[PDB]
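Structure, as structure tokens:
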Amino acid sequence: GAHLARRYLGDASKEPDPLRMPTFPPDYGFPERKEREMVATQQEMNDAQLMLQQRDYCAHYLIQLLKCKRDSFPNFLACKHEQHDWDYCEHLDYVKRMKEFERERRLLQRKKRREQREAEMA
Amino acid sequence: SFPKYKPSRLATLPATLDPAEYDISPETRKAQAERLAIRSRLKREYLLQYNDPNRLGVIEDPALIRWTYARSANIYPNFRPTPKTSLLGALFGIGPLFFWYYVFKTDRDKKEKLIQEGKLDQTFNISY
Amino acid sequence: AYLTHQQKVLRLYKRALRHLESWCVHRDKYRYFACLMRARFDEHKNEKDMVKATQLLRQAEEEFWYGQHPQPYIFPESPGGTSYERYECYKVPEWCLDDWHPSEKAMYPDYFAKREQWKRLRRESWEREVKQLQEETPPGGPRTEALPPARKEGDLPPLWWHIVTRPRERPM
Amino acid sequence: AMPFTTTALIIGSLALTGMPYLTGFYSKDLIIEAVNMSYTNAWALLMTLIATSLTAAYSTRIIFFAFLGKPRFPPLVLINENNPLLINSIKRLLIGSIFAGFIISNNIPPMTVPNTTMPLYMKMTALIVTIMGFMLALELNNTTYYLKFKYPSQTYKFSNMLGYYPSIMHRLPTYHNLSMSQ
Amino acid sequence: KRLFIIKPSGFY
Amino acid sequence: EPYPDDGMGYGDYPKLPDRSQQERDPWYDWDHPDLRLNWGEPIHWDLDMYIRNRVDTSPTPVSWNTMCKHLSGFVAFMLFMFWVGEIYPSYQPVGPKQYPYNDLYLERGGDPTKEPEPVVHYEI
Amino acid sequence: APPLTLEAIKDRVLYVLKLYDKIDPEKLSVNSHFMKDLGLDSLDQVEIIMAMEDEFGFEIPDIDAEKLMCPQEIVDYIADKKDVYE
Amino acid sequence: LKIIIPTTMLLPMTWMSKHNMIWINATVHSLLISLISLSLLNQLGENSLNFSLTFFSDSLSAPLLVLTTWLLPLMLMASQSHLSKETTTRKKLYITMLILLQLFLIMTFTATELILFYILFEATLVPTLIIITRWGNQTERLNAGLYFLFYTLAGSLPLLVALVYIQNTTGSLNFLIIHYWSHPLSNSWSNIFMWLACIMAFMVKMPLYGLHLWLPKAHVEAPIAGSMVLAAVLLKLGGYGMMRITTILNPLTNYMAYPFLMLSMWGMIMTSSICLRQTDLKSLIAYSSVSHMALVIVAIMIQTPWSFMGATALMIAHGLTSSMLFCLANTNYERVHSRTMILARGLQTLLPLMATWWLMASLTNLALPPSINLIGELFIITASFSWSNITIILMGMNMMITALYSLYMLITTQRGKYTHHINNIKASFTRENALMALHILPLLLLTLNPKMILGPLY
Amino acid sequence: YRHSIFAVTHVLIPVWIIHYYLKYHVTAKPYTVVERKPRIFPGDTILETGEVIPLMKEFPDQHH
Amino acid sequence: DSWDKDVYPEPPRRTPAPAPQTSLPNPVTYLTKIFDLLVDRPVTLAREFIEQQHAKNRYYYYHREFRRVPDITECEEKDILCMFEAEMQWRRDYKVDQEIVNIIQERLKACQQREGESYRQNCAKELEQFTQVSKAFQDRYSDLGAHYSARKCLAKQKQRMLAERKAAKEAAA
Amino acid sequence: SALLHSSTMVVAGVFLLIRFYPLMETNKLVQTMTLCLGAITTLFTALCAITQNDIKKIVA
Amino acid sequence: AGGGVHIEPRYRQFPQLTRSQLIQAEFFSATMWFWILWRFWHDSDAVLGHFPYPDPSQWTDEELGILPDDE
């Protein structure tokens, strides 16, 4: 997207290096660090056979989806709202993933702003 | 316009593009006369043996028998130990054998060097 | 023996517009450029000078090699076609028939009886046709692969069995 | 002349091109939505984009030349497809090529992470790309209808010989190695 | 109208 | 044309033109239609080389030098800047897969006895 | 596919030659020699045989093309090539 | 021991029997003796089956003898194409040589003494040159005998001097005694030549790249009976020898193996590539045998458990198929009276069943799974790969060519268009078809349980 | 009858010996036939144990 | 059962109760019941007929126990008599140890599929057992070559002891 | 050609890598040629299909 | 082959068609046009995208928690 255009054609310091987010300390800038919690526990998370890529923060919205899908067999046309909840969490996972990328980008912009102002101030 | 179609060993030049084909002349005119005349006799006695009612056998082709001898037995009777054959014999003979010797020995000593202090991993390498 | 000045242009025309058909595809497009190919072919009909005529062969072929379809079109039955020598799997020579077991030839008795009569015709006409051949061969064998016809009545044309008893193009 | 085969190929090719809510779309366009949005090699996302345009391109050419256009076949017409063995054979996968896409997509358990949030342009580009694949190829196919001679292009010569690979790799390496054999 | 087809002797 | 008597045992065997059987006219009546080869006439020293099944040297519409240049130029274009492609990967402005249970340390084969380094990630 | 009889193939060649504009649709004959009787030339034979090779699907060889210039002898070669017997 | 006496007992059998019953009587008793031989794969565990002071058997020998005892019926019906016109005494003496040949191979594998093995090992030669030269067909069969025998003795004779040297040093060479009273081989220069003398004798009867000129010079011109027996078991006589003699040649084997296994490695690609460019049909199987035979040279050289099993598996499997392709060579050669490959083509449209035997023969020699050819070849690859990782690029590249010439013979002979002027091929008798069947069925139905074939290390 | 006579000799006599092969020869040897244990989800009950796996705790109440 | 569930251990199986919430009839329930009442019963009657017939006569076999014999170590040098017995036990132990690693592999083979997607966790102990079995097997018979023997294995055994004792001596200091 | 190498045989080669997927994804490097190989193959094979003429060549 | 086929081999004309041959032609054409765009009306979301993608400029530094260049 746009990030690729600025990173490659232009300066790459304004764009995060794709293998390194987050670089700036997450605690700095984020008070009240009540870290991202889990509604499901690894016990039933293991008992419900879930592939590691599917073992994301949206885990609670796959397990119950697999439940109703199994119990509604063979009515594959049912269990859509539960499916609707699933991609909504994955959507929420994606937006907060965008927030993390842009937070790094804004810190990168601020990090340059802090340094040159401190550099050529004399 | 269009430069040419340059022939090669595997991309031969067609008779249509052949200049000498379009350069017909009297002395080569009679030269192509016996081409078919030789062919005509070779088609005559072949067909004569081909359609003979009492022909119960295989019509031996002297050209085929000549080809077999030339490619199977005649090579040494007309071989000459000229210098060129020696380089070709040496390059395609002990050449690759010693080349693979350098490759195989180097790995074997390298592998033996690595295991003798245990860098190579044989945690589950038992079926040697 | 000879591809003289007559046939060379005749073959050249044949491969020329066949490639054009492979190019134009559409019939209306093909017809326009075919008659142009024809009209441009005979615009220099009166070219008594053979050296220029052979020269006119040169600008006929080299751009034909440039202008030929990189995927030339060939009908299935002709050299390069998708069906050339496709049915050789079924074409078995006629001589395999006499090897059939008594049960196998009693399977089709009328054909074998007629086949025996066909074998008769070859047997007592072979010596006549080879003798007829010999008395009409030029010295030093034949000067042309073409076979002479049947000179007199009764005798079959020389060397006729295989060209007559050739397996059918569609044997199954 | 042959409507049953006509219907089968058009909807067969449309699945091949990724007609939305058909058998092809549920896989091919879902794949395009997946590959373009990932950590992958730079241009490597452009064949599957460009090839899909070419994937639709030869589908239009095969429809235009073989079925549309004028009947350039030999004058004696023996064509026939009324044999029930054909009609049932095509029809058996026909309802498959129309209705399978749904009956595998919904029932199987979710085993891949679902692509939920993406930009609008590349999410639709799985369908857009085939559009100019339909469009540009259609105009290029129509150029045969325009009454004017066609110059043999160098790139056209490249494509006609299978991109030159069979001509060379089946001539040079095979001759050299086996000539060494003698 | 069908024609006789030649085949190798399969009895043996 | 006897073969060059350089050092080999070709003998007096003639050098037929190095042309494949395919170049022979299909329409001409051949005694061996499979090989397109007649009876009695000299056969090439490399008849198996130039049989229809094996190596064919029939002329091509475009020259052999241009034959390889476009092919080599093609693959060279692929590999040379596929390297440029891999050094400038294409992706989306996305972050790492934030995962629970210490990035699934236990369930990704990690040793349960040794306490893992805590990998945690707060909201935004 | 049903085979084509001698009458049928002679009828098929009858249609294509009659359609030809250079010949006249009332003088056409089965034994009418092309270049003399119908007043054709050598560079009319070539386009005749491809128009003959078209509706039949196969290719008569070039070596047999220059001598393929009689409508009765036209069908004789094709009937020989397909061994179709009524 | 119960195999040998009936095998000798067939000597009066053929020599006395009625003028027309000699082949019938010989064929049956060769078929019945496969019974008592078939009780030799009947085996205990790791301990070998020692049933006499001078004779013993193990899981390495057991597949070999049942191959030879089975083999003799194959050469019996194989010779029933061109021995009919010969006189009775010559016909009887042909069986004498084949039966005398059995008596030797049946005894070398059971020999429990190195010299007794060697005495009988090279004793098999005398019946052979009688077969190749007396009953050969072409002209250079005379040169065939000289090339075959002189190559063999030039390597076998230094082995005899080596064996008596071991006899004087350690005291005995009984196959068990040397195993139990093993002694590491020092790197002394003298031991190098003793190692070379011990191995070279089996190398020459193991066509190596350079020591293989007698392979195309014997198999091609030998009679049909002599062709298969020389290619199916005779080449394996060295194979039995090297598997046994290596017990006293360590650790000198590993350092000294590089000049030999590599020459086999490079030549095995070369020899397979030779088959790609051939004009004589019988030369294909001869050269194909060289490449397949040279494959186990590497396996024995590594002295790896997997390699030895793969060597034995390929050893018997190659012998069975190489004999088969020689039968198919005979039938085509008899019908056309020539050995040229390109002469007889399109034979499948005339002999459909014979094409199927050609199909199965070339496809088994192609070594597809699960055929014994593949499992023997695959075990060699895994053992070779463990020895060195580059080994796959070479021995794998052999399988490249191996599939090529195997199908090349099938395509040019059976497939294609028949040549028109050959008016000699009749329908195949029940003899060759049964001969092909008796070759193909034991190979296929051994595939279900091949553990009789892997060897003692299994 | 054609369908049924084909069925008995092509779908009955196979499963006759196939089921004999697994249930009494193959399954008689352990670790020959191995099965995925069905994925139990919070709230399911086990036929033998009868204990219910506790339902997973309150969802964050995500609604669109 | 026929085997023992300690050397071929099987983790307890948990299968959920069938709770079809949908109202439309479940097909899978139908296929099993026709399968059970049309195929499973007739083969059971054939089997029970077999079992009662097999119970009509009862021939038995037993276990071949081999008593311990001195190994090649205490075997006298150049003494062929006890060397043969010592070699016989060593190779018989090779067959036994070969089956031991087969049992662990079969235990390892069954574990991974049985655990399915979560094979990384409930099979770690199985992986550990295979790791030490393989490691100790390499200390035991391995790399001796085609002509392995009790003496050669003893030679490798001595080589380890000299190396480990010397290394422990210098490291301890 | 409609059964073997249009729908069944040719896809069996792809079927090998997927059956080995639990092991394949561990090595990042091995995936780079899979993207590389599959990419150029799509471009080349489609490139030939554009200007081919044989009814089966286009679809093959 | 045999005279009396359900369709007769004509020459250079439009071949005869049976009514039954046509019925299945637009039957599958109609059902395919039914299928591909009825489900379009059902869950159009699938070829629309269920969630809009906001550009990364409009988000304020509150949620990102990123202070300006002031302190």
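Starting from 1 in every chain, residues are counted up; chains themselves are A, B, ... following the order of the structure tokens, and ligands are numbered from 1 as listed.
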Tell me, as a PDB file with N, CA and C atoms, in the first residue's frame, which residues lie within 12 Å of residue 25 (chain C), counting only C-alpha atoms; anything in the same chain fewer than 4 positions away does not count.
ATOM      1  N   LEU C  17      -0.471 -19.082 -49.146  1.00  0.00           N
ATOM      2  CA  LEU C  17      -1.813 -18.705 -48.719  1.00  0.00           C
ATOM      3  C   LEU C  17      -2.382 -19.650 -47.668  1.00  0.00           C
ATOM      4  N   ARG C  18      -1.866 -20.879 -47.574  1.00  0.00           N
ATOM      5  CA  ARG C  18      -2.228 -21.734 -46.449  1.00  0.00           C
ATOM      6  C   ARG C  18      -1.761 -21.119 -45.138  1.00  0.00           C
ATOM      7  N   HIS C  19      -0.557 -20.546 -45.134  1.00  0.00           N
ATOM      8  CA  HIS C  19      -0.116 -19.762 -43.986  1.00  0.00           C
ATOM      9  C   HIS C  19      -1.006 -18.544 -43.790  1.00  0.00           C
ATOM     10  N   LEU C  20      -1.417 -17.907 -44.889  1.00  0.00           N
ATOM     11  CA  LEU C  20      -2.308 -16.756 -44.789  1.00  0.00           C
ATOM     12  C   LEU C  20      -3.637 -17.141 -44.156  1.00  0.00           C
ATOM     13  N   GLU C  21      -4.178 -18.301 -44.533  1.00  0.00           N
ATOM     14  CA  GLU C  21      -5.381 -18.801 -43.876  1.00  0.00           C
ATOM     15  C   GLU C  21      -5.131 -18.992 -42.386  1.00  0.00           C
ATOM     16  N   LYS C  29     -11.640 -12.063 -44.223  1.00  0.00           N
ATOM     17  CA  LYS C  29     -10.274 -11.555 -44.175  1.00  0.00           C
ATOM     18  C   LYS C  29      -9.348 -12.386 -45.053  1.00  0.00           C
ATOM     19  N   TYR C  30      -9.500 -13.712 -45.019  1.00  0.00           N
ATOM     20  CA  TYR C  30      -8.625 -14.576 -45.803  1.00  0.00           C
ATOM     21  C   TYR C  30      -8.808 -14.346 -47.297  1.00  0.00           C
ATOM     22  N   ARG C  31     -10.055 -14.183 -47.745  1.00  0.00           N
ATOM     23  CA  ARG C  31     -10.315 -14.050 -49.175  1.00  0.00           C
ATOM     24  C   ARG C  31      -9.692 -12.783 -49.747  1.00  0.00           C
ATOM     25  N   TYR C  32      -9.770 -11.669 -49.016  1.00  0.00           N
ATOM     26  CA  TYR C  32      -9.176 -10.429 -49.504  1.00  0.00           C
ATOM     27  C   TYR C  32      -7.679 -10.597 -49.716  1.00  0.00           C
ATOM     28  N   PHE C  33      -6.978 -11.107 -48.708  1.00  0.00           N
ATOM     29  CA  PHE C  33      -5.535 -11.228 -48.828  1.00  0.00           C
ATOM     30  C   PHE C  33      -5.131 -12.415 -49.690  1.00  0.00           C
ATOM     31  N   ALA C  34      -6.047 -13.354 -49.938  1.00  0.00           N
ATOM     32  CA  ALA C  34      -5.760 -14.433 -50.876  1.00  0.00           C
ATOM     33  C   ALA C  34      -5.744 -13.934 -52.315  1.00  0.00           C
ATOM     34  N   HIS C  69       3.386 -18.596 -40.349  1.00  0.00           N
ATOM     35  CA  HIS C  69       2.822 -18.611 -39.010  1.00  0.00           C
ATOM     36  C   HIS C  69       3.780 -19.324 -38.062  1.00  0.00           C
ATOM     37  N   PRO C  72       2.208 -22.811 -37.471  1.00  0.00           N
ATOM     38  CA  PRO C  72       1.600 -23.081 -38.778  1.00  0.00           C
ATOM     39  C   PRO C  72       0.424 -24.032 -38.644  1.00  0.00           C
ATOM     40  N   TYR C  73      -0.593 -23.813 -39.469  1.00  0.00           N
ATOM     41  CA  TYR C  73      -1.774 -24.661 -39.448  1.00  0.00           C
ATOM     42  C   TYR C  73      -1.586 -25.851 -40.376  1.00  0.00           C
TER      43      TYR C  73
ATOM     44  N   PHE D  65     -13.235 -17.695 -30.460  1.00  0.00           N
ATOM     45  CA  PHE D  65     -12.826 -18.392 -31.675  1.00  0.00           C
ATOM     46  C   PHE D  65     -13.617 -19.679 -31.879  1.00  0.00           C
ATOM     47  N   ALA D  66     -13.745 -20.491 -30.829  1.00  0.00           N
ATOM     48  CA  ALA D  66     -14.288 -21.835 -31.002  1.00  0.00           C
ATOM     49  C   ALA D  66     -15.798 -21.814 -31.203  1.00  0.00           C
ATOM     50  N   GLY D  69     -18.239 -16.276 -33.595  1.00  0.00           N
ATOM     51  CA  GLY D  69     -17.697 -16.096 -34.921  1.00  0.00           C
ATOM     52  C   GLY D  69     -18.448 -16.899 -35.965  1.00  0.00           C
ATOM     53  N   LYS D  70     -17.876 -16.921 -37.155  1.00  0.00           N
ATOM     54  CA  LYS D  70     -18.546 -17.585 -38.260  1.00  0.00           C
ATOM     55  C   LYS D  70     -18.111 -19.044 -38.368  1.00  0.00           C
ATOM     56  N   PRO D  71     -18.972 -19.897 -38.926  1.00  0.00           N
ATOM     57  CA  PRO D  71     -18.655 -21.330 -39.008  1.00  0.00           C
ATOM     58  C   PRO D  71     -17.628 -21.670 -40.077  1.00  0.00           C
ATOM     59  N   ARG D  72     -16.347 -21.559 -39.736  1.00  0.00           N
ATOM     60  CA  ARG D  72     -15.264 -21.787 -40.685  1.00  0.00           C
ATOM     61  C   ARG D  72     -14.942 -23.265 -40.895  1.00  0.00           C
ATOM     62  N   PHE D  73     -15.716 -24.181 -40.324  1.00  0.00           N
ATOM     63  CA  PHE D  73     -15.399 -25.601 -40.400  1.00  0.00           C
ATOM     64  C   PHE D  73     -15.696 -26.147 -41.793  1.00  0.00           C
ATOM     65  N   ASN D 141      -9.193  -9.903 -29.596  1.00  0.00           N
ATOM     66  CA  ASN D 141      -9.855 -10.918 -30.409  1.00  0.00           C
ATOM     67  C   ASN D 141     -10.673 -10.277 -31.522  1.00  0.00           C
ATOM     68  N   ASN D 142     -11.298  -9.131 -31.240  1.00  0.00           N
ATOM     69  CA  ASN D 142     -12.064  -8.439 -32.271  1.00  0.00           C
ATOM     70  C   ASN D 142     -11.172  -7.919 -33.388  1.00  0.00           C
ATOM     71  N   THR D 143      -9.886  -7.682 -33.104  1.00  0.00           N
ATOM     72  CA  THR D 143      -8.982  -7.185 -34.138  1.00  0.00           C
ATOM     73  C   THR D 143      -8.912  -8.136 -35.325  1.00  0.00           C
ATOM     74  N   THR D 144      -9.172  -9.425 -35.101  1.00  0.00           N
ATOM     75  CA  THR D 144      -9.289 -10.354 -36.217  1.00  0.00           C
ATOM     76  C   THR D 144     -10.487 -10.019 -37.095  1.00  0.00           C
ATOM     77  N   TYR D 145     -11.542  -9.445 -36.513  1.00  0.00           N
ATOM     78  CA  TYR D 145     -12.688  -9.031 -37.316  1.00  0.00           C
ATOM     79  C   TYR D 145     -12.374  -7.783 -38.131  1.00  0.00           C
ATOM     80  N   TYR D 146     -11.603  -6.853 -37.567  1.00  0.00           N
ATOM     81  CA  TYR D 146     -11.182  -5.687 -38.332  1.00  0.00           C
ATOM     82  C   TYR D 146     -10.369  -6.126 -39.541  1.00  0.00           C
ATOM     83  N   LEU D 147     -10.737  -5.597 -40.703  1.00  0.00           N
ATOM     84  CA  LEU D 147     -10.261  -6.096 -41.992  1.00  0.00           C
ATOM     85  C   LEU D 147      -8.944  -5.395 -42.305  1.00  0.00           C
ATOM     86  N   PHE D 149      -4.438  -6.587 -42.536  1.00  0.00           N
ATOM     87  CA  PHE D 149      -3.397  -7.591 -42.368  1.00  0.00           C
ATOM     88  C   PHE D 149      -2.717  -7.451 -41.008  1.00  0.00           C
ATOM     89  N   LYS D 150      -2.257  -8.585 -40.483  1.00  0.00           N
ATOM     90  CA  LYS D 150      -1.639  -8.661 -39.164  1.00  0.00           C
ATOM     91  C   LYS D 150      -0.143  -8.902 -39.329  1.00  0.00           C
TER      92      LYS D 150
ATOM     93  N   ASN K  53      -3.116 -22.445 -30.633  1.00  0.00           N
ATOM     94  CA  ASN K  53      -4.196 -22.701 -31.578  1.00  0.00           C
ATOM     95  C   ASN K  53      -4.862 -24.053 -31.351  1.00  0.00           C
TER      96      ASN K  53
END
Shell around region 41-51 of chain F at 6 Å using only C-alpha atoms, local window under 6 positions removed, as an MDAnalysis selection string: (chainID B and resid 63) or (chainID F and resid 16 20:21)
Excluding same-chain residues fewer than 5 positions from residue 51 (chain A), what lies within 12 Å of it counting only C-alpha atoms, as an mmCIF file with C-alpha atoms, in the first residue's frame?
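To be explicit, this is the file written out as part06.cif:
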data_model
loop_
_atom_site.group_PDB
_atom_site.id
_atom_site.type_symbol
_atom_site.label_atom_id
_atom_site.label_comp_id
_atom_site.auth_asym_id
_atom_site.auth_seq_id
_atom_site.Cartn_x
_atom_site.Cartn_y
_atom_site.Cartn_z
ATOM 1 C CA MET A 45 -7.992 -24.383 23.976
ATOM 2 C CA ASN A 46 -5.940 -27.575 23.555
ATOM 3 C CA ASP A 56 -5.076 -16.164 18.055
ATOM 4 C CA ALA A 59 -9.897 -18.023 20.198
ATOM 5 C CA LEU A 62 -13.704 -20.104 16.992
ATOM 6 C CA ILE A 63 -14.462 -22.657 19.716
ATOM 7 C CA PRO D 109 -14.460 -26.673 9.567
ATOM 8 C CA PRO D 110 -12.622 -23.333 9.558
ATOM 9 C CA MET D 111 -8.949 -24.247 9.248
ATOM 10 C CA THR D 112 -7.419 -20.980 7.986
ATOM 11 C CA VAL D 113 -7.368 -17.518 9.514
ATOM 12 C CA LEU F 104 2.238 -20.006 23.053
ATOM 13 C CA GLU F 107 2.098 -25.236 23.269
ATOM 14 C CA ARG F 108 4.777 -24.541 20.620
ATOM 15 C CA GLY J 116 -3.703 -34.472 16.335
ATOM 16 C CA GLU J 117 -3.411 -30.693 16.268
ATOM 17 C CA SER J 118 -2.077 -30.577 19.854
ATOM 18 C CA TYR J 119 0.606 -33.198 19.163
ATOM 19 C CA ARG J 120 3.334 -30.896 20.501
ATOM 20 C CA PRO K 22 3.133 -29.347 9.156
#
Polymer residues at most 7 Å from region 30-41 of chain G, only C-alpha atoms, same-chain spacing of 3 or more positions, as an NGL selection string: :G and (23 or 44 or 69-72)
Interatomic distance, CA of residue 144 (chain H) to CA of residue 92 (chain H) (Å, one decimal):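 Between CA of residue 144 (chain H) and CA of residue 92 (chain H) the gap is 23.5 Å.
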Residue hits in chain L, query chain A, radius 9 Å, only C-alpha atoms, as a list in words: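 Result: residues 50, 51, 53, 54, 56, 57, 59, 61, 63, 64, 65, 66, 67, 68, 69, 70 and 71 of chain L.
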Could the residues in this selection be written to a file with N, CA, C and O atoms, as a PDB file, in the first residue's frame?
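result.pdb, written as the output of this step:
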ATOM      1  N   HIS L  50     -16.871  -6.805   4.916  1.00  0.00           N
ATOM      2  CA  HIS L  50     -17.790  -6.624   6.032  1.00  0.00           C
ATOM      3  C   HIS L  50     -17.414  -5.420   6.880  1.00  0.00           C
ATOM      4  O   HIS L  50     -18.285  -4.843   7.539  1.00  0.00           O
ATOM      5  N   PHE L  51     -16.140  -5.030   6.875  1.00  0.00           N
ATOM      6  CA  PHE L  51     -15.633  -3.998   7.753  1.00  0.00           C
ATOM      7  C   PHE L  51     -14.902  -2.940   6.935  1.00  0.00           C
ATOM      8  O   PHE L  51     -13.980  -3.280   6.171  1.00  0.00           O
ATOM      9  N   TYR L  53     -12.211  -0.078   6.036  1.00  0.00           N
ATOM     10  CA  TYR L  53     -10.826   0.136   6.428  1.00  0.00           C
ATOM     11  C   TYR L  53     -10.573   1.630   6.565  1.00  0.00           C
ATOM     12  O   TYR L  53     -10.509   2.332   5.542  1.00  0.00           O
ATOM     13  N   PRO L  54     -10.421   2.157   7.776  1.00  0.00           N
ATOM     14  CA  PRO L  54     -10.099   3.579   7.924  1.00  0.00           C
ATOM     15  C   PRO L  54      -8.625   3.842   7.663  1.00  0.00           C
ATOM     16  O   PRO L  54      -7.753   3.053   8.034  1.00  0.00           O
ATOM     17  N   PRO L  56      -4.987   5.646   8.196  1.00  0.00           N
ATOM     18  CA  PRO L  56      -4.327   5.818   9.490  1.00  0.00           C
ATOM     19  C   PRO L  56      -4.039   7.261   9.876  1.00  0.00           C
ATOM     20  O   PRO L  56      -3.208   7.488  10.760  1.00  0.00           O
ATOM     21  N   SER L  57      -4.697   8.231   9.245  1.00  0.00           N
ATOM     22  CA  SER L  57      -4.474   9.629   9.598  1.00  0.00           C
ATOM     23  C   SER L  57      -5.537  10.148  10.562  1.00  0.00           C
ATOM     24  O   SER L  57      -5.241  10.988  11.417  1.00  0.00           O
ATOM     25  N   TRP L  59      -7.193   8.718  13.030  1.00  0.00           N
ATOM     26  CA  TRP L  59      -7.087   8.341  14.434  1.00  0.00           C
ATOM     27  C   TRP L  59      -6.288   9.386  15.202  1.00  0.00           C
ATOM     28  O   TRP L  59      -5.200   9.790  14.781  1.00  0.00           O
ATOM     29  N   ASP L  61      -4.231  10.935  18.595  1.00  0.00           N
ATOM     30  CA  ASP L  61      -3.162  10.423  19.444  1.00  0.00           C
ATOM     31  C   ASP L  61      -3.648   9.946  20.806  1.00  0.00           C
ATOM     32  O   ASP L  61      -2.829   9.459  21.592  1.00  0.00           O
ATOM     33  N   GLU L  63      -5.963   7.340  21.491  1.00  0.00           N
ATOM     34  CA  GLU L  63      -5.881   5.883  21.478  1.00  0.00           C
ATOM     35  C   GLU L  63      -4.460   5.405  21.201  1.00  0.00           C
ATOM     36  O   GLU L  63      -3.986   4.457  21.836  1.00  0.00           O
ATOM     37  N   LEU L  64      -3.763   6.045  20.257  1.00  0.00           N
ATOM     38  CA  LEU L  64      -2.369   5.694  20.009  1.00  0.00           C
ATOM     39  C   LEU L  64      -1.468   6.051  21.182  1.00  0.00           C
ATOM     40  O   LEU L  64      -0.370   5.495  21.293  1.00  0.00           O
ATOM     41  N   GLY L  65      -1.897   6.968  22.048  1.00  0.00           N
ATOM     42  CA  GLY L  65      -1.106   7.328  23.209  1.00  0.00           C
ATOM     43  C   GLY L  65       0.252   7.902  22.887  1.00  0.00           C
ATOM     44  O   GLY L  65       1.190   7.732  23.672  1.00  0.00           O
ATOM     45  N   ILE L  66       0.390   8.580  21.754  1.00  0.00           N
ATOM     46  CA  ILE L  66       1.672   9.098  21.297  1.00  0.00           C
ATOM     47  C   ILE L  66       1.672  10.605  21.515  1.00  0.00           C
ATOM     48  O   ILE L  66       0.892  11.334  20.892  1.00  0.00           O
ATOM     49  N   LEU L  67       2.546  11.070  22.400  1.00  0.00           N
ATOM     50  CA  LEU L  67       2.625  12.487  22.699  1.00  0.00           C
ATOM     51  C   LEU L  67       3.295  13.241  21.550  1.00  0.00           C
ATOM     52  O   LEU L  67       4.100  12.673  20.806  1.00  0.00           O
ATOM     53  N   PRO L  68       2.973  14.525  21.380  1.00  0.00           N
ATOM     54  CA  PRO L  68       3.624  15.318  20.328  1.00  0.00           C
ATOM     55  C   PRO L  68       5.061  15.674  20.678  1.00  0.00           C
ATOM     56  O   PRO L  68       5.603  15.201  21.682  1.00  0.00           O
ATOM     57  N   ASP L  69       5.684  16.509  19.851  1.00  0.00           N
ATOM     58  CA  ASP L  69       7.055  16.973  20.057  1.00  0.00           C
ATOM     59  C   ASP L  69       7.179  18.002  21.179  1.00  0.00           C
ATOM     60  O   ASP L  69       8.236  18.639  21.286  1.00  0.00           O
ATOM     61  N   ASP L  70       6.153  18.192  22.008  1.00  0.00           N
ATOM     62  CA  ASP L  70       6.212  19.219  23.045  1.00  0.00           C
ATOM     63  C   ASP L  70       7.101  18.795  24.213  1.00  0.00           C
ATOM     64  O   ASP L  70       8.114  19.446  24.496  1.00  0.00           O
ATOM     65  N   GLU L  71       6.753  17.712  24.905  1.00  0.00           N
ATOM     66  CA  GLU L  71       7.607  17.258  26.009  1.00  0.00           C
ATOM     67  C   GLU L  71       7.891  15.764  25.915  1.00  0.00           C
ATOM     68  O   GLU L  71       9.046  15.342  25.878  1.00  0.00           O
TER      69      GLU L  71
END
